[PDB]
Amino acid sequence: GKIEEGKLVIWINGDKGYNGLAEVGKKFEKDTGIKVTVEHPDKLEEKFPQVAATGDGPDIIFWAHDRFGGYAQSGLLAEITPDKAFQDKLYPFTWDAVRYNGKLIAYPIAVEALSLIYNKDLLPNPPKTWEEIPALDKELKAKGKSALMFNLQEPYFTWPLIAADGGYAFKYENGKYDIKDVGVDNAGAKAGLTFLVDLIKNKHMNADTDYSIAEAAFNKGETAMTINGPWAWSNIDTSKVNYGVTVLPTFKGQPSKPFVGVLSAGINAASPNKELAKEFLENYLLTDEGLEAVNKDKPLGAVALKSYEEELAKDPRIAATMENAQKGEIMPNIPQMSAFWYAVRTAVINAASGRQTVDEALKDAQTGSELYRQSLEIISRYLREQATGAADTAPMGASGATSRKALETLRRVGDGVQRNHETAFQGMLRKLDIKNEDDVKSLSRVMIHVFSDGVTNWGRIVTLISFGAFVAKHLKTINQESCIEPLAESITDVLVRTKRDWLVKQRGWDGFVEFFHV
């Protein structure tokens, strides 16, 4: 449960150039005597937050930048403080992708976007539109081939099509996100996912196709096209398929919009090797020779280092990567990105398999993506109005009827719980000795341990939130009102992390209102 001093452990995904990264590690070891271990665990982006929360895990984690905001919000990443001379060596927009709440929380490595990859011997002119792919598949099936195979198990690969006609994750306008404006179940998202499901229904695609199946079929020449990123080009090179990399097809006349990732390297906040890690990343990896070693193993895409990016910029495959990137959007790094991806992953799999209709699947994904912010709105408002005696006048915003009605239900049932359970609430408020902001941050572990043991139902959720209001009242009297919002965030985090699937099954806070109706 403690990271070892005097070595570096690095985690990177198994589709990236980890043997090349290990070569950089060997060069580090030659200068310093410090051994560098590169590992590629399964589901490392899910494992890192669990093990790092205990003070364990790798010294350095590599992932696309979208997951790092969550890690940073949880206190799991060291702040990065490169000097100006180093910062100036990387493109400013890559640093922007690894900024969270004003601080740099990772080193950017390379810019990744999906492209259409096609077999020039089968398909001299790849299709410009998604709509022409069914007819192309029919032509190719008559030749013992198929038009298109790509990974249908990870929503990253289907998102460019879902977004094309108007789907979006979190709305971006006037230089900032509106986290409460989620675009997963609108008409444009439905149109794109319906087109995907229709491709499967019409036998142009198979719902069970995953990364390995699609890669094998393309690299053996059975399918004329795939959708993948730069890391995949190495294995196609080895297959000697005559391939090209080009712009994704349009849908309803609009570009496919891939979510653009910046592969990034974060330092574990619990690492006793932060100076070594910074030395490795700045003076070994993020150099022309270090990125070359990784890129020669599995291509990185458009690297963040200006000097080496210019050296590779003439590669037509990189130009296509950046053309598709310009038509897409840089992913947010907000902490709810993990929940968004989990919700949309399930929606695509369920729609593709027929377990849910497109309408059902996207509705559930919308609820899952909105769950944190909607829960916080309700919980923060209830705690604050209970503590101060006066309600928040600010508009509820999106799903404001749901929030207003849930808050109204909570006012009824939560005030009764606080009345009837004053005895236990007073007793618990003594055992916990909450005096300051530091005491509040300590509550999450006891909260999780009590709340995640036993039956799940709305009554216990009312008890969780009602005791929160009881504590908010206390915080107000000891002149610690500024601790109420952090407390509300902590309660919300416990609720939505421990009860995500159950909450979505109940239709979220709409199920709460109907459970307690009349």
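A residue's number is simply how far along the shown sequence it sits, counting from 1. Take the two forms, find the largest set of C-alpha atoms that superpose within 1.5 Å, and that set is the rigid core.
- In terms of root mean square C-alpha deviation after superposing on the rigid core in 8 other deposited structures of this protein, the stretch standing farther out between 454-462 and 22-30 is 454-462.
- Looking at 416-424 and 441-449, the one farther from the shown form in 8 other deposited structures of this protein by average CA distance, after a rigid core fit, turns out to be 441-449.
- Among the other PDB entries of this protein that were compared and that flank it with modelled residues, residue 183 is modelled in all, so it is never left out in a third of them.
- Looking at 422-430 and 202-210 together, the entry lists the larger mean B-factor for 422-430, computed on C-alpha atoms.
- The PDB entry records a higher mean C-alpha B factor for 493-501 than for its counterpart among 493-501 and 17-25.
- Highest CA B-factor among the listed residues (137, 297, 154, 288): 288.
- When the C-alpha B-factors of 60, 44, 450, 64 are ranked from the entry, the top spot goes to 450.
- For residue 363, the recorded CA B-factor ranks within the middle third of the chain. Only modelled residues enter the ranking.
- In this PDB entry, the Cα temperature factor of residue 33 sits in the top third of its chain's modelled residues, the highest group.
- Sorting the modelled residues of the chain by their CA temperature factor places residue 345 in the lowest third.
- For residue 373, the recorded CA temperature factor ranks within the middle third of the chain's modelled residues.
- When the modelled residues of the chain are ordered by their C-alpha B factor, residue 478 lands in the highest third.
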